[PDB]
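The chain contents come next:
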Amino acid sequence: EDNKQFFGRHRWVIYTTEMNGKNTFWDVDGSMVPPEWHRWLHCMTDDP
Amino acid sequence: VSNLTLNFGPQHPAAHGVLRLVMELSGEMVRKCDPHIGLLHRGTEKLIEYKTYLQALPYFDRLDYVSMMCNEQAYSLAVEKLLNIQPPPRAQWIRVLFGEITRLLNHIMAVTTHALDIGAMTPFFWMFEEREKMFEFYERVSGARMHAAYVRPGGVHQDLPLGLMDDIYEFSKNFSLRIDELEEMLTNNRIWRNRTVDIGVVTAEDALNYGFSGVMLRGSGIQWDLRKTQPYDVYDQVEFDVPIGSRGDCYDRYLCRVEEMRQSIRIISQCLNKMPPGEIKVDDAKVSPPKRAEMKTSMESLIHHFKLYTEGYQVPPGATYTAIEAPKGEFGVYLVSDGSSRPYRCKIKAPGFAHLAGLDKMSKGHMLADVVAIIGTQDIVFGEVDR
Amino acid sequence: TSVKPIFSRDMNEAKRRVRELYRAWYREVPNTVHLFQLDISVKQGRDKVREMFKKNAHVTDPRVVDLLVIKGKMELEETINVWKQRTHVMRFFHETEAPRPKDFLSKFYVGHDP
Amino acid sequence: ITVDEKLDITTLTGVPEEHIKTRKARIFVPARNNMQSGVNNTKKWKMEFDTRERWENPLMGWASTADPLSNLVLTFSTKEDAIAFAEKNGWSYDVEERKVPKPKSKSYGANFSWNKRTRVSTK
Amino acid sequence: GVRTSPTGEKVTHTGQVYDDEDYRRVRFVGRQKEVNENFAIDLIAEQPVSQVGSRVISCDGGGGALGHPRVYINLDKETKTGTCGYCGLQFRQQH
Amino acid sequence: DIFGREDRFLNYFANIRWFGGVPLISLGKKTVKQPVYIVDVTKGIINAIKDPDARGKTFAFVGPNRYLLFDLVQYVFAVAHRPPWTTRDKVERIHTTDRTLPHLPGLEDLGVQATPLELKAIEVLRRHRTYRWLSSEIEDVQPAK
Amino acid sequence: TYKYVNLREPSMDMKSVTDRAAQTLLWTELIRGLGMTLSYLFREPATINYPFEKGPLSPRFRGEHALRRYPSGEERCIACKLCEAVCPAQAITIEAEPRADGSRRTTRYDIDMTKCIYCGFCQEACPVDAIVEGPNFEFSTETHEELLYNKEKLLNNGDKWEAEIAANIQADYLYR
Amino acid sequence: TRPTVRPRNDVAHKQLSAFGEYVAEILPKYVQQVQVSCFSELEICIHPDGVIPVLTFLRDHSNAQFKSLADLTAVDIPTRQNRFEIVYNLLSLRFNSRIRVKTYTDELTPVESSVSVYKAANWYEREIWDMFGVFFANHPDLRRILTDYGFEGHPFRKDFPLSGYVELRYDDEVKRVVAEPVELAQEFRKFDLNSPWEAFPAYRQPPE
Amino acid sequence: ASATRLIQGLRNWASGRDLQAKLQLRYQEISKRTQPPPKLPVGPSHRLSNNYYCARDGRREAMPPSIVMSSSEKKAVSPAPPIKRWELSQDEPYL
Amino acid sequence: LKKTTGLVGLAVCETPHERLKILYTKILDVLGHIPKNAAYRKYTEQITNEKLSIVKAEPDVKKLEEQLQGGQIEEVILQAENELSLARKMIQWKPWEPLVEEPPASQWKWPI
Amino acid sequence: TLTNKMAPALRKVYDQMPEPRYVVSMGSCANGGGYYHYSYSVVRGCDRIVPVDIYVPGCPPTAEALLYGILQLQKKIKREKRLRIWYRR
Ligand SMILES: CCCCCCCCCCCCCCCCCC(=O)OC[C@H](COP(=O)(O)OCCN)OC(=O)CCCCCCCCCCCCCCCCC
Ligand code: SF4
Ligand code: SF4
Ligand code: SF4
Ligand SMILES: [Zn+2]
C-alpha cells in the first residue's frame with residue numbers, strides 16, 4: 001500500500017508462487033487475491 | 001453509363017455500430033447515397049410488450065447506450081406522466097444532475113470519436129480518460145458501470161453514497177480547463193476546420209420538414225429547445241443559456257456541442273448548490289417498493305413489496321407521448337397502456353433515425369471522403385436508430 | 001362491401017401483372033445464379049421459381065394478388081442488385097432442412113402428434 | 001375513387017408457414033381461477049392454440065419445443081371478433097361458449113327460519 | 001465426506017445421482033462433478049434448542065434489517081419443538 | 001474413392017498437374033473408377049446407424065453412374081482449367097483399379113439416393129477465372145457400362 | 001437564452017489581416033498551439049497494471065450471483081420464486097420440493113450468466129437477501145457450458161466469499 | 001392530493017379543447033372524434049382519407065404551424081374491424097404544443113403517401129411497411145428496414161410470435177449460413193401477471 | 001504532481017497556466033469512506049393521524065373527455081400564446 | 001438595413017411592407033372565392049384582416065416584428081406564402097362538405 | 001448483439017483470416033444471447049456462427065474483466081503445445 005502519493009495505482013501486489021500447490025510463478029492473474037484483499041485492493045473499503 | 005456502387009466498411013478502430021451503405025456516385029463525387037439501416041435490430045419493442053414496466057426499463061436504458069440516464073429519464077417521465085405521480089423534489093434534482101452529466105458524456109464522445117474517425121488519434125485518449133472518471137461516478141451511484149438503471153417511475157431509488165457530491169464537485173472543478181485544452185487542440189486548426197466548413201449545410205425550414213431535432217436545429221438558425229420551452233421537471237429552474245449558429249455549416253454544430261458541454265458544467269454547478277435533502281422515491285407504497293426496514297416488521301409494506309415485484313403496479317389506460325432533450329436531440333417514447341401491469345405498444349423515437357434519413361439531401365453536395373464527416377457530425381448511434 | 005383497390009380493379013389486370021413479374025424472374029434467374037456463383041443449374045432454379053408461384057395459385061381477391069405482386073417485385077428488386085448475399089438466395093432452396101416424413105405411419109412412428 | 005365493390009371471403013397467404021393446416025385454434029372465455037374470488041380476469045375473449053410436446057433438455061432440463069405459436073394469446077371483446085379473426089387469418093378454430101354465475105337469491109333471514117330445514121349451526 | 005454412489009459420484013443434498021445406464025454421466029469424464037461439501041440439513045440439528053420463559057416469541061433470524069422478516073411463533077404445544085418458518089431453528093418454553 | 005470438398009483424391013488430381021506432367025497414364029487405360037460424393041456416404045452411415053438390420057451386414061458404396069476411366073483426370077483437369085505425399089504407395093494407391101464384386105447391398109439397399117459427379121464437382125472445384133459458366137463438356141466415359 | 005457563435009465580423013481592416021497572412025502563411029497558431037499542447041506530453045500518464053493493480057470500485061458493485069446463508073447455514077433461500085419472477089431476462093429456474101425437515105428449499109436453482117444482464121433486481125427482490133451480486137468479477141470460462149450455474153455452483157460461490165459480501169451488505173443496507 | 005401527485009393545469013386543458021374544437025369546425029369532412037387527455041395532450045381522430053388534406057392544413061393556416069413531425073407509428077389491435085391505428089404525432093414549433101392525429105386501416109386498405117407534406121415521414125412509413133405491412137400508396141420507395149432481406153411475415157403484428165419461424169446457424173456441409181425451423185433451448189416460460197378486481201374503477205365498461 | 005523542475009516550466013510555457021488539479025485526479029480529496037453511517041429521512045405521509053390513502057392516492061383519475069365526437073365568429077384561437085422570443089445573455093453576448 | 005437574419009436559409013428582403021400587402025390581398029381574393037359559410041374562410045379571413053391592419057399601422061420594421069407576434073419578418077412572409085398555397089389547395093377537395101362515412105362506431109373505445 | 005442480418009457478414013470476416021486464429025466472445029449478448037435471447041432477428045450466441053474460445057460475461061463486462069479475458073486467452077496460448085504433436089510424440 002503506497003504512502004497515498006497518488007490514486008489509481010494506489011496499491012499493488014505481487015502474487016509470488018505455489019498457490020493451491022498448483023501452477024508456479026509467471027501465471028499471475030486475478031483471483032489470486034483472497035476475498036478480503038479483493039475488497040480492500042479495489043478501493044471498496046479503506047480499511048485493510 | 002459511368003457511376004459506381006460502393007459499400008460500407010466494417011469498422012473504424014472506435015466504431016460503435018455498423019451500417020451498410022450504397023452510394024451511386026460520379027468520379028470521386030456522390031450523386032446518390034442510400035444508407036441501409038436495420039443492420040443491428042434487436043426487436044426491443046416486441047419484447048417490451050411481454051414484460052412489465054419495471055422489467056422493460058433496462059431496454060430504455062440500452063436502446064441508446066451512450067446517453068443513458070437521459071433515456072431513463074424519458075421512460076420514467078412517461079410512466080409518471082401517464083400514471084399521475086410526481087417524484088419528490090430531491091429525486092428531480094438528482095435526475096437533472098445525472099441528466100446533464102450524461103449529456104456531458106454523450107457530447108464528449110460524439111466530438112472525440114468524430115475526431116478519431118477523421119484523423120487526430122489523440123483527443124479521443126485525453127478526454128476518454130475523463131470519461132472514465134465519469135463512469136467512476138456511476139459505479140458509486142448505481143452500483144454498476146454503464147447500463148445500471150438507477151431510475152424508476154415515481155422517482156429514483158438508492159440515493160447517492162455519502163461523500164459522492166464531493167467527487168462530483170472535484171471533477172466539475174477543472175473539467176473546464178480540460179475541455180478548453182481540447183479547444184486549443186482544435187478550433188483554428190487549419191486541418192480540421194478546412195476539412196469541415198461548408199460541408200452538409202441545411203436550410204432551417206428544410207430541417208423542420210425532415211424533422212431534425214437536436215444540435216441540428218441549434219447550430220442552424222431556427223432557435224428552439226425543449227429544455228426551455230417545455231420544462232419537464234425542476235430542470236426548469238436552473239439558469240443557463242443554449243448556443244446557436246448562423247452558418248448552418250456543420251462547424252456551427254460542433255461548436256454548439258462544445259458550448260453545450262460548458263453550459264452543462266453551469267447546470268451541474270448550480271445543481272450541486274441547490275440540492276434539497278428531501279428523500280429519494282415518492283411516498284406511495286403501491287407505486288414504488290418500500291425500503292427493507294419498513295418491508296420487514298410491517299405487513300402492508302411486505303405485501304406491496306411482494307406483489308409490486310411479482311405483478312408490478314398497474315397503470316391506468318391512456319396514450320402518451322413524452323419528449324425530452326437528449327444529447328442526440330429530442331428523444332421520446334409513445335406509451336400505450338391497456339389497463340394492466342404490462343405495457344402494450346411503445347415506440348421509442350430515435351433522433352438518429354430521423355437525422356440518418358437526411359443523408360440523402362445533406363450529402364448530395366460533397367464527395368464521400370467528407371461523407372465520412374457528414375455521417376459522423378450529426379450525433380448518431382446505430383444501436384439507437386434501429387430498435 | 002367497399003374497398004380501395006391498389007393497382008387493379010379486377011383479377012384480369014392482376015393476372016396481367018403477375019405475368020409481368022414471372023417474365024422478370026425468368027429473365028434474371030441465369031444472371032443471378034451466375035452472379036453469386038450458385039451451384040444450381042438454371043433449369044432447376046427456374047423450376048423453383050415457377051414452383052413458388054404455383055404455391056399461391058389458389059388466391060382470388062385481386063387486392064391480395066396485387067399485394068403479393070408487390071412482395072415479388074420487392075424481393076426481385078433486391079436480387080437484381082447485390083443487396084442479398086449468396087446465403088439467402090440459397091435459403092430459398094432447402095438443403096439443410098431434414099426431409100420431413102409426410103406418410104402417416106412414419107409420422108406416427110416418430111412425431112407423436114405433429 | 002372507383003371503390004370497386006368486391007365480394008369474397010378474406011384469406012391471407014402473406015403470413016407464416018404450414019402450421020396453418022395442422023393446428024386448430026381455440027376460442028374461450030377463461031374461467032375464473034377458483035382459488036381467488038374475482039371476475040376481472042374474465043370479460044375478455046381469448047385465443048390460444050393446441051399445445052405441443054416438451055422435453056427435458058439433456059444439459060439442464062428446461063422444457064423446449066418447436067412450437068413458435070405456443071405462447072400467444074389474443075384478447076377479444078366479442079366472439080364475433082374471434083371467429084372474424086380466425087376466418088380472416090386463415091387457420092381453423094373451435095369455439096367454447098361463455099358461462100356466467102347463475103342469479104341467486106340469498107336472504108340472511110333464511111338462516112334462522114322457524115320450520116324451514118335451512119338453519120345455520122355455529123352461524 | 002458425502003455419501004458416495006457405487007459409481008463414485010457424490011450425491012447431493014437433493015439426491016441427483018445418475019444411474020449406471022444414463023449416458024449423460026459421460027459429461028463428467030476428465031472433469032470434476034461439483035457439489036457443496038457442506039449440507040444444509042446437517043447444520044439444523046447442529047443448532048441448540050433455544051428456550052424462552054415467555055409464551056410467544058419473535059425471530060429476526062440474525063438481527064434487524066439483515067435476516068428474514070419478523071414472525072411470531074407459538075410455543076404453546078410443548079410435545080413438539082416450535083420451529084421458525086425461515087431459519088428452522090427450534091424454540092421451547094422452559095419448565 | 002470418396003469425393004468431397006476437402007478430400008484427398010480429386011483435389012490431389014487437381015494439384016498433380018505441376019511440373020513434369022507425369023501423374024499417371026504411364027501405360028494408359030487399365031483404370032476403371034467410380035468416385036462417390038461425400039454426403040451420400042455420410043448419409044449412408046447415418047441410415048446405417050439409426051436403421052435396424054444394418055448390423056452384421058457388410059457392403060460397399062458405388063458411384064452411381066460415372067464409373068469413369070482415366071478420362072476423369074483430363075475432365076476434372078479440363079473443367080476448373082488450370083492455375084509429405086508418398087511413393088508407389090500413393091501412386092499405386094490411386095492407380096489401383098477395380099469395382100470388385102456386384103453382389104453386396106449397394107446403396108438403395110440402405111435406402112438413400114445417389115449423386116452423379118457433375119454438379120458437386122463444379123462446387124468443390126471452383127478456381128479458374130470464375131467469370132464464365134460456359135458448358136464444360138461432361139466426360140461421360142461410362143465405358144462398357 | 002441564445003448565445004451564438006461564429007457570427008462575428010472578421011476584420012478586413014489592417015493589423016487584423018497582417019496576422020491573417022502571417023496566420024495562413026507561417027502556421028504559428030498550428031505550430032505553437034498544437035505542437036506545444038502535445039509537448040504537454042510530460043504529464044505522468046494514467047495507466048494501471050491490471051494483474052498487479054486494480055481500478056476503483058464501489059460497495060454497490062455487481063459481480064457474480066453468490067447465494068448466501070444464515071449463520072449456521074440454513075440455505076437462506078426460501079424458494080419464494082421472486083428472483084425468478086422479476087428477472088427481466090427470464091433467466092433463472094426454481095423448483096422447490098419440501099425437504100425432510102418440512103422446511104422448503106429449492107431443488108434446482110439455476111442461472112444462465114449468458115442471458116443474465118446483471119440488473120440488480122434479483123438483489124432487490126429477495127426478501128431475505130439470499131442472492132446478492134458478488135463483489136468479485138471472476139469469469140472467462142472456456143465453454144458455453146460453464147456459464148450455466150446450478151444451485152450447487154451458486155452455493156460454493158457463496159462459501160468462497162461471504163464476509164466480503166457481509167461487509168458490503170452491512171455497509172449499504174442503510175440505503176436499502 | 002397536494003404531495004405525491006402531479007399538479008394538473010386547466011389552462012392548457014381549456015386552450016387545447018378550444019383548438020381541437022376549432023379544427024372540428026373548420027374541417028367537418030375528415031374529423032371524427034376530438035378529445036383531450038386529462039394530462040392535457042390534444043388527440044384528433046381522422047378518417048383514413050384526409051391524412052393528406054388534414055396534414056397539409058396542420059402544417060399551414062398560420063393559426064397553427066406544427067412545422068415538425070415528431071414521430072410516426074402504429075398500433076396493432078385485433079378485435080377491431082380495422083386492425084391498425086396509424087398515429088401521426090406532430091410538434092408545433094411556434095406555440096409550444098403537440099397534438100396527435102389517429103387514423104385507421106385494415107391490412108388491405110392503404111394509407112396514401114404522407115411524404116408530400118413531411119420529408120421526415122419518408123423512413124417512418126417504410127419501417128411501418130416492413131414491421132407491420134400497411135401498404136402506402138405511391139410512396140417514392142418501399143424496401144425493408146429493421147429486418148432481414150429474405151425475411152418475411154411483418155414481425156411486430158401480434159399474429160407473429162415473440163421468436164421467429166426460423167433461426168440461423170452454420171455447418172460445414174454447405175459453407176453458408178442456413179435456416180431451420182425455430183428451436184429454443186428454453187421454452188420462454190410464460191407468465192400470467194394479470195390480477196382481478198379492476199384496480200381502476202373509472203375506465204370500466206358496461207357489462208352485457 | 002510528482003517533483004518536476006524545468007519540465008513543469010515547459011508545461012507552464014506550453015498551454016499556459018496549469019498545476020491546479022493535475023489531469024490525473026490522484027491527489028487526496030477521496031472523501032475517505034462514509035465516516036458516519038448513512039441515515040435517511042422519510043418524506044410526507046409516513047405519519048399516523050394525518051392521512052387516508054384516498055386523499056394522497058393520486059392514481060385512479062383521468063377518464064379522457066371526448067369532444068365533437070360524432071355519436072359569434074369567435075376568435076380563431078391558437079393552441080396558446082406563442083413563445084415570447086428569447087433574449088441575449090448578459091454574461092457573454094458572443095464568444 | 002439590418003443584416004443577415006438568424007435563420008440560415010431565408011433571404012432578407014428590404015421591402016416587407018407592400019410585399020405583405022400584396023400577399024394578404026391575394027389571400028383575400030382567393031380566400032374570398034370560397035363559398036361563404038364554412039369556418040375556414042371565416043376565421044382565416046378574420047385573422048387575415050386583423051394582421052393586415054397591424055401592417056397598416058406601424059411603418060418601422062422592428063417594432064412591426066415585435067407587435068406582429070410572428071417570427072422574424074422573413075418567417076412571417078414565408079408563412080403567408082404557405083398560407084396562400086394552403087388556401088388554394090383548400091379550394092380543391094372541398095373540406096367543408098359533411099362527414100364521409102362514420103367509423104365502424106365500435107372502433108374508438110380504447111380500453112377494449 | 002449479433003442480429004440475423006449481420007451474422008453472415010460476421011462469418012465472412014472470420015473467414016478471411018490468418019489460419020491460426022481465436023475468437024473471444026464479449027458481452028452477455030454475443031456469448032449466448034444476453035438480454036434478448038428471444039424475439040427473432042438476434043442470433044443466440046456467436047457459437048451458432050463461428051467457434052469461440054473465451055466467453056467473458058458482463059453487460060457490459062467491466063474493462064478489467066474483458067482484459068482478464070484476453071489474458072486468460074494468452075494463458076490458453078501458452079499450453080497450445082502445437083508443434084511437438086506435429087512431431088507426433
Ligand atoms: C528581403 C529579400 C526577399 C525576402 C523574401 C522572403 C519572403 C518570405 C515570405 C514567406 C515565405 C514562405 C513561408 C512558408 C510558406 C509555405 C507554404 C504556405 O504558405 O502554405 C500555406 C497553405 C495555406 O493553406 P490554405 O489556406 O488551405 O491554402 C490557400 C489556398 N487558397 O497551407 C497550409 O497552411 C497547410 C499546410 C499544413 C501542413 C501540415 C502540418 C505541418 C506541421 C509542421 C510544419 C512545420 C515544420 C517545420 C520544419 C521542421 C524541421 C525541418
Ligand atoms: S441480474 Fe441477472 S438473474 Fe438477476 S434479474 Fe437481472 S438478468 Fe435476472
Ligand atoms: S427471492 Fe430469495 S428466497 Fe425467494 S426464491 Fe429467490 S433467492 Fe430464494
Ligand atoms: S452491454 Fe449488455 S446489452 Fe450491450 S452489447 Fe454488451 S451484453 Fe449486450
Ligand atoms: Zn427465523
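- Structure determination for this entry is recorded as cryo-EM, at 3.9 Å resolution.

**Thoughts on the interface of chain B and chain H**
Okay, step 1: Facing 54 residues of chain B, the contacting portion of chain H comprises 57 residues.
Okay, step 2: For the pair chain B and chain H, the two sides together bury roughly 5100 Å², of which 57% comes from carbon and sulfur.
Okay, step 3: Linking chain B with chain H are 4 salt bridges.
Okay, step 4: The interface formed by chain B and chain H holds 18 residue pairs in polar contact in total.
Okay, step 5: The set of elements that each furnish at least two residues to the side of chain B that touches chain H consists of β2 (29-36), α1 (44-48), α8 (204-209), α10 (226-229), β3 (318-326), β4 (329-337), β5 (345-349) and α14 (351-357) of chain B.
Okay, step 6: Tallied by class, residues from the side of chain B that touches chain H come to 24 nonpolar, 16 polar and 14 charged.

**Thoughts on the site of ligand 4**
Okay, step 1: In the vicinity of ligand 4, the residues found are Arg-62 and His-147 of chain B together with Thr-1, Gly-27, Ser-28, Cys-29, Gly-58, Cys-59 and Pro-60 of chain K.
Okay, step 2: At the site occupied by ligand 4, nearby residues are drawn from chains B and K.
Okay, step 3: Of all the elements, helix α2 (residues 27-30) of chain K adds the most residues to the shell around ligand 4, at 3 residues.
Okay, step 4: Of the residues in the shell around ligand 4, the class split is 3 nonpolar, 5 polar and 1 charged.

**Brief notes about the coordination of the zinc ion (ligand 5)**
Residue and element names in this part refer to chain E.
Okay, step 1: On the protein side, the zinc ion (ligand 5) has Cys-59 (SG), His-68 (NE2), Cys-84 (SG) and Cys-87 (SG) as donor atoms, found 2.0 to 2.3 Å from it.
Okay, step 2: Viewed at the metal, the 4 donor atoms of the zinc ion (ligand 5) are separated by angles of 88 to 131°, and the geometry they form is tetrahedral.
Okay, step 3: In primary sequence terms, the donor set of the zinc ion (ligand 5) follows C-x8-H-x15-C-x2-C. Linking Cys-59 in strand β2 (residues 56-59) with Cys-87 in the loop between β4 (82-83) and β5 (90-92), this pair joins segments that are 28 residues apart in sequence. The pair formed by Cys-59 and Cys-87 is uniform in burial state, with each residue classed as buried.

**Describing the packing of aromatic side chains**
Okay, step 1: Taken as a whole, this structure holds 50 aromatic pairs over all chains when the rule is applied.
Okay, step 2: Ring geometry for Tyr-59 of chain B versus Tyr-35 of chain K: centroids 4.3 Å apart, planes at 40°, classification tilted. Residue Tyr-59 of chain B is found in helix α2 (residues 53-62), and its partner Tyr-35 of chain K is found in the loop between α2 and β2 (54-56); the two belong to separate chains.
Okay, step 3: Here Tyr-59 of chain B falls in the buried class, since its relative accessible area comes to 1%.
Okay, step 4: When the centroid spacing of 6.2 Å and the interplanar angle of 70° are considered together, the rings of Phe-61 of chain G and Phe-137 of chain G count as edge-to-face. Pair noted here: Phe-61 of chain G is in the loop between α2 (28-38) and β1 (66-67) and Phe-137 of chain G is in the loop between β4 (131-132) and β5 (148-149), with a separation of 76 residues, a long-range link.
Okay, step 5: A relative accessible area of 6% places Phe-61 of chain G in the buried class.
Okay, step 6: On the basis of relative accessibility, which here comes to 10%, the residue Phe-137 of chain G falls in the buried class.

**As for the pattern of salt bridges**
Okay, step 1: The full count for this structure, using the stated rule, is 96 salt bridges over all chains.
Okay, step 2: Note that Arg-266 of chain B and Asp-241 of chain B form a salt bridge whose closest N and O atoms lie 3.1 Å from each other. In this pair, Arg-266 of chain B is assigned in helix α11 (residues 251-274) and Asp-241 of chain B in the loop between α10 and α11, connecting sequence segments 25 residues apart.
Okay, step 3: Owing to a relative accessible area of 26%, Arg-266 of chain B belongs among the partly exposed residues under this scheme.
Okay, step 4: Relative accessible area serves as the criterion here: at 2%, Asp-241 of chain B is assigned to the buried category.
Okay, step 5: When the shortest N-O distance is used, the salt bridge between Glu-25 of chain H and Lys-74 of chain I registers 2.8 Å. Residue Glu-25 of chain H is located in helix α1 (residues 10-26), and its partner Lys-74 of chain I is located in the segment after β1 (66-67); the two belong to separate chains.

Here is what the cut-offs are and how they apply
Residues numbered from 1 in each chain as written, not as in the entry; some residues may be left out. Chains lettered and ligands numbered in written order. Part of a larger assembly, values for the part shown. Heavy atoms only, no water. Residues with missing side-chain atoms left out of burial classes, pairs and counts. Contact = heavy atoms within 4.5 Å. Buried area = accessible area lost by both parts, 1.4 Å probe. Salt bridge = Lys/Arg side-chain N within 4 Å of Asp/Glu carboxyl O. Polar contact = N/O pair within 3.5 Å; in protein donor to acceptor, adjacent residues only side chain to side chain. Helix = DSSP H or I, 4+ residues; strand = E, 2+ residues; numbered from the N terminus. Nonpolar A, V, L, I, M, F, W, Y, C, P; charged D, E, K, R; others polar. Near = heavy atom within 4 Å. Donors = N, O, S within 2.8 Å, 3.2 Å for Na, K, Ca; no water. Tetrahedral: all angles 85-135°; square planar, octahedral: opposite > 155°, others 65-115°. Buried < 20%, exposed > 50% of the residue type's maximum accessible area, 1.4 Å probe, protein only. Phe/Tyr/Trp six-rings, centres within 6.5 Å; stacked < 30°, edge-to-face > 60°.

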